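Peer 1: need coordinates for the following:
(chains A, B, C, D, E, F and G)
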Amino acid sequence: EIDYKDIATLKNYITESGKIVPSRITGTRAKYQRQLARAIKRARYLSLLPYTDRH
Amino acid sequence: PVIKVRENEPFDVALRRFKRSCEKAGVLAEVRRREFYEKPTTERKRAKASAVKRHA
Amino acid sequence: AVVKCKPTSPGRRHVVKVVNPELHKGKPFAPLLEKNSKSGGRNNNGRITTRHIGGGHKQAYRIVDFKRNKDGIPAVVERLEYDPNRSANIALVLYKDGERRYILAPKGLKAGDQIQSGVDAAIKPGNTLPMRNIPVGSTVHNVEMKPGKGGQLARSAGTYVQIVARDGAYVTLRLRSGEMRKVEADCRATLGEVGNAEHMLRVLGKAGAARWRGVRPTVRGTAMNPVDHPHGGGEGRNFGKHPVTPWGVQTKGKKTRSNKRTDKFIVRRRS
Amino acid sequence: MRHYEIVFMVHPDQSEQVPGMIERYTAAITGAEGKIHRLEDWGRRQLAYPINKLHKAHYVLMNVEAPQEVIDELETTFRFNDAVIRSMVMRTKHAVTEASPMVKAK
Amino acid sequence: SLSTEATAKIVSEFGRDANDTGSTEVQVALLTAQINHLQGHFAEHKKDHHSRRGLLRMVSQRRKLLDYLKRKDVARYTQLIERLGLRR
RNA sequence: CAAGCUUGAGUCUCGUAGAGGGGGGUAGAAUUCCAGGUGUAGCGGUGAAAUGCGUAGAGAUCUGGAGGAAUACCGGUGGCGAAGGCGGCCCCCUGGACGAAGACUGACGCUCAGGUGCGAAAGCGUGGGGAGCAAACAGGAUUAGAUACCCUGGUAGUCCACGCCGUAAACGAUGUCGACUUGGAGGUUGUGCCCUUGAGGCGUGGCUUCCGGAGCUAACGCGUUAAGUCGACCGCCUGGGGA
RNA sequence: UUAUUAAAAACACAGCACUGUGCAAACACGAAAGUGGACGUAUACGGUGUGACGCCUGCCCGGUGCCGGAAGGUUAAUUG
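Peer 2: Residues are numbered from 1 along each chain as shown, chains lettered A, B, ... in the order given. Find the structure here:
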């Protein structure tokens, strides 16, 4: 149920520089971590999330 | 690792905060990792050795 | 298809020919033919002005529509035809009002495809539009350099041009030579690229195969006497001089373009 | 007839051409025996990074059930339309008629 | 693979019942349908070796089923190979 | 030989996970190059240097553009694949595996000389492409010498399409298939049960990592994923060189 | 191919490479107009060398040439 349009939820799993946080830090399952990575990449494409802190 | 020196903070604490942020971002480790080419077999062997020594 | 002939003869050993089963096996469209008399490379003074031209098979000229100024009216491709006057193949198209014309056959075109010219034509191979209505980055051919003059660039087999930039009333094109040129946006171009791309893979195989194309032998300058060529004679094989044309102009390096009239359109020379 | 999720951004200067674009797209989708599960006009949104030296793009979301021919025509339309600065078509497992978080925020 | 409707149609026309999905005739017919369908995919994707391995698995399985059927009852074998257009 | 049977082997229904494969598109970061603005004497490199670039304005910084290649974070003794291998995102075509409850066929099976197919990298042929890296090559160093390590460049190549090559420490140095034999801690992926208390507990499959018991082994070690106890078939070995 | 003492290992050749050429093309014949190139458009055309195919094609940019560079030095008519 992870949606790339849920930026409020996706921002909890990215650092201050926009990088995805590892599953060891947030303690999320591997399956939902993969879903989160896919959703974050899609949201980066739609310019809803930044690729980096620069641009 | 953007650090905005907020009001009522000395320069030294801002510099130490900048260093802490740049080390938690891991930029120096990455730019030292990327300066020479590491063969896929070399990086696989290194990852395997690190995963093995992470058992104590 | 590209096929290699079996070496049943020394002249057939290296022949590599291009066969196209979709080409029309029959006579061309008569109302679009003209007499095309050979010249032997002679001008109106009767002098040889271009060497190594002469003979070859008799050829009839096909009137190819390079302007493509019949806008709005759709047309369908009847058949692809061989054209002896150019390296590309030509397509006989039939407009809705009953007119038949010859166009350069782009890559991928086949009998039954529908093409159209004009500002409202769809963006697909075979359609002709003013270059200001064509998206930047697309690959086109049969490009005009003056509006309404007729296509002059990218007409050979397999060639094409890509629009790299558009600004104001001009667009920038990357020609097949690698040269960046400016052309005003009102010039027309046809989408896609010219067909028969494997034309360059053919191998003539024997000396006579070039004679069929009207190419006479080339005598090396160093094989002549000093009175005939700057590369002169000598006892044995001697060169000892810088290579030049038969008229003494240095070849192998010396640039000969001298045209200040069109320099403003050359963004960057080939390299 | 598969389900798709279409998101496309329009140039901020072309915000009033968006209703006409949506009208044409729904016409093309329902003309081919297709359905439209969800349609959301998010309006202008600040871009996380500049796209074509631009900030504040206009977002639209569509959830349609349509064959592949009309979806290919829609992708071609997006590619050739100069106002659509960015688009993305994605398949979904089933129909989605729930309001997206972008409009669920209100 | 094959859709559910095509599979049901094959099972119905080649089976002794609508539930006889395990008969040798039904299996050979399904394998032949999948091979014929894959034929068009591999005409366009000549460099897809990983899927061609599964195609050859299907071919060999159909061959073994046809051998078993011919050894078991040759009459049904002939009816099947004429109804499906086999024998090279 | 004839007729059976369902437990081996397959088919169907519904779902699940996956860098499995082929095709097309696109995104951002970065390197290089081109043009311009600011700006001035250095930059680069090294153990130290020099070759090299730089007052013809380099390096730094800012703006715009071009092109190719690879996809940071996720990312993990994680996943998929017969193996080789597979890593941005999206779409189209497509193979395999697994699980739940049933229905179906009824030994249709295992192995396989010869045969065929796939087969990293390098290499070859044709046509493109070529930013970075970099055999050969050139120069500067080091050295007794230095046809090397180090430095500055740099061609093939690496990239794409189609063919060829058919080899690797192609490794788990462990052929495939099946049965049986104490355990512990994990990972990953289904599924079932219960005021579901909870991101819960208890079962039940698939794959997978580490330790270890009997046993086996020359020892090291393997140890239910055996190198233990067996069965079927195949490949291979017979002292070191020559080879 | 040396008509009439030389037919050859000479010339040509398919193939290869370099180089020029963006079209009013380069180039050639023309005091010029013009014409050829070509009713062709870089998979095209001209020039040069090599000479099917196979395996290949190493080092030298000091000299000469060509290409690029534009700072500086020198330098014509002109100006006075």
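Peer 1: longest single strand anywhere in chain D?
Peer 2: Identified as the longest strand of chain D according to DSSP state E is strand D:35-45.
Peer 1: residues in contact with that strand?
Peer 2: A:48, D:3, D:12, D:15, D:18, D:22, D:26, D:29-30, D:56-66, D:95-100, D:102-103 (C-beta atoms under 8 Å, 6 or more residues apart in numbering or on different chains). Any C-beta I mention is one placed from the backbone N, CA and C, and that applies to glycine too.
Peer 1: out of those, which are close to chain B?
Peer 2: Here nothing survives when the contacts of strand D:35-45 are matched to chain B using C-beta under 8 Å from any C-beta of the partner chain.
Peer 1: look up phi and psi at the nearest residue to residue D:80 once chain neighbours are set aside.
Peer 2: Counting by C-beta to C-beta, 6 or more residues apart in numbering or on different chains, residue C:123 is the residue found nearest to residue D:80 once chain neighbours are left out, at 5.9 Å. According to degrees, to the nearest 10, the main-chain angles of residue C:123 amount to phi -90, psi 100.
Peer 1: same question, residue C:81
Peer 2: Backbone phi and psi, for residue C:81 under degrees, to the nearest 10, turn out to be phi -130, psi 150.
Peer 1: wait, what's in contact with it?
Peer 2: C:23, C:24, C:28, C:29, C:62, C:89, C:90, C:91, C:92, C:102.
Peer 1: relative to residue A:40, how far out is the closest residue to residue A:21 other than its chain neighbours?
Peer 2: In this structure, residue A:21 finds its nearest non-sequential neighbour in residue A:13, 5.4 Å apart by C-beta to C-beta, 6+ apart. Residue A:13 is 7 Å from residue A:40, where distance means C-beta to C-beta, to the nearest Å.
Peer 1: overlap in contacts of the two?
Peer 2: residue A:20.
Peer 1: the more surrounded of these two?
Peer 2: Using other C-beta atoms under 10 Å in any protein chain shown as the criterion, residue A:13 and residue A:40 rank with residue A:40 on top: 23 against 20.
Peer 1: grab the longest helix from the chain for me.
Peer 2: No chain in the question, so chain A it is. What stands out as the longest helix in chain A, according to DSSP state H, is helix A:30-45.
Peer 1: switch to chain D, please.
Peer 2: Longest helix in chain D, counting by DSSP H: helix D:17-31.
Peer 1: which residues does that one contact?
Peer 2: With contacts defined as C-beta under 8 Å, 6+ apart, helix D:17-31 is touched by D:6, D:10, D:35-36, D:39, D:41, D:58, D:60, D:62, D:64, D:66, D:70, D:73-74, D:77, D:81, D:83-84.
Peer 1: also stretch C:171-187?
Peer 2: With C-beta under 8 Å, 6+ apart, stretch C:171-187 has contacts from C:130-132, C:136, C:143-147, C:149, C:153-154, C:156, C:159-166, C:169-170, C:264-271.
Peer 1: can you pull the residues of chain A lying near chain B?
Peer 2: So chain A meets chain B at A:15, A:16, A:17, A:53 (C-beta under 8 Å from any C-beta).
Peer 1: before we move on, the earlier item: isn't the residue nearest to residue A:21 up against residue A:19?
Peer 2: No - contact criterion C-beta atoms under 8 Å: residue A:13 and residue A:19 do not qualify, at 10.1 Å.
Peer 1: in three-state terms, label residue E:19 for me.
Peer 2: coil (DSSP: H, G, I helix; E, B strand; the rest coil).
Peer 1: that one - how many residues pack around it?
Peer 2: Counted with other C-beta under 10 Å, residue E:19 comes out at 9.
Peer 1: and for residue C:110?
Peer 2: Neighbours of residue C:110 (other C-beta under 10 Å): 12.
Peer 1: secondary structure element for it, which one?
Peer 2: Assessed by DSSP states H and E, residue C:110 sits outside every helix and strand.
Peer 1: quick check: it touching residue C:78?
Peer 2: No - if you go by C-beta under 8 Å, residue C:110 and residue C:78 don't touch, sitting 10.9 Å apart.
Peer 1: residues contacting the closest residue in space to residue C:117 that isn't next to it in sequence?
Peer 2: Nearest residue to residue C:117, sequence neighbours excluded (C-beta to C-beta, 6+ apart): residue C:128, at 3.8 Å. Applying C-beta under 8 Å, 6+ apart to residue C:128 gives the contacts C:68, C:115, C:116, C:117, C:118, C:121, C:142, C:188, C:189, C:190, C:191.
Peer 1: and with 6 Å instead?
Peer 2: Taking C-beta atoms under 6 Å, 6 or more residues apart in numbering or on different chains, we find residue C:128 in contact with C:68, C:117, C:188, C:190.
Peer 1: quick check: the first one touching residue C:117?
Peer 2: Yes - taking contacts as C-beta atoms under 6 Å, residue C:68 lies within contact range of residue C:117: 4.7 Å.
Peer 1: number of residues surrounding whichever residue of chain D sits closest to RNA strand F?
Peer 2: Relative to RNA strand F, the nearest point of chain D is residue D:91 (3.5 Å; C-beta to the nearest atom of the strand). For residue D:91, the neighbour count with other C-beta under 10 Å is 9.
Peer 1: likewise for the one 3 residues further on?
Peer 2: The tally of other residues near residue D:94 (other C-beta under 10 Å) stands at 8.
Peer 1: give me the beta-bridge partners of the closest residue to it other than its chain neighbours?
Peer 2: Nearest residue to residue D:94, sequence neighbours excluded (C-beta to C-beta, 6+ apart): residue D:3, at 6.4 Å. Residue D:3 forms beta bridges with residue D:65, residue D:92, as assigned by DSSP bridges.
Peer 1: touching, residue D:3 and residue D:92? I think so.
Peer 2: Yes - using C-beta under 6 Å, residue D:3 makes contact with residue D:92 at a distance of 4.6 Å.
Peer 1: more crowded one of the two?
Peer 2: Remark: of residue D:3 and residue D:92, residue D:3 carries more neighbours, 18 against 14, as counted by other C-beta under 10 Å.
Peer 1: pick out the residue nearest the middle of chain A.
Peer 2: Chain A has residue A:40 as the residue nearest its centroid, 3.7 Å off, counting by C-alpha atoms, centre = their mean.
Peer 1: contact partners for that residue?
Peer 2: Residue A:40 touches A:10, A:20, counting by C-beta under 6 Å, 6+ apart.
Peer 1: look up how far residue A:9 lies from it.
Peer 2: Relative to residue A:9, and taking C-beta to C-beta, residue A:40 is found at 10 Å.
Peer 1: what is the neighbour count of residue 46?
Peer 2: Using chain A. 22.
Peer 1: ah, I was thinking of chain D
Peer 2: 8.
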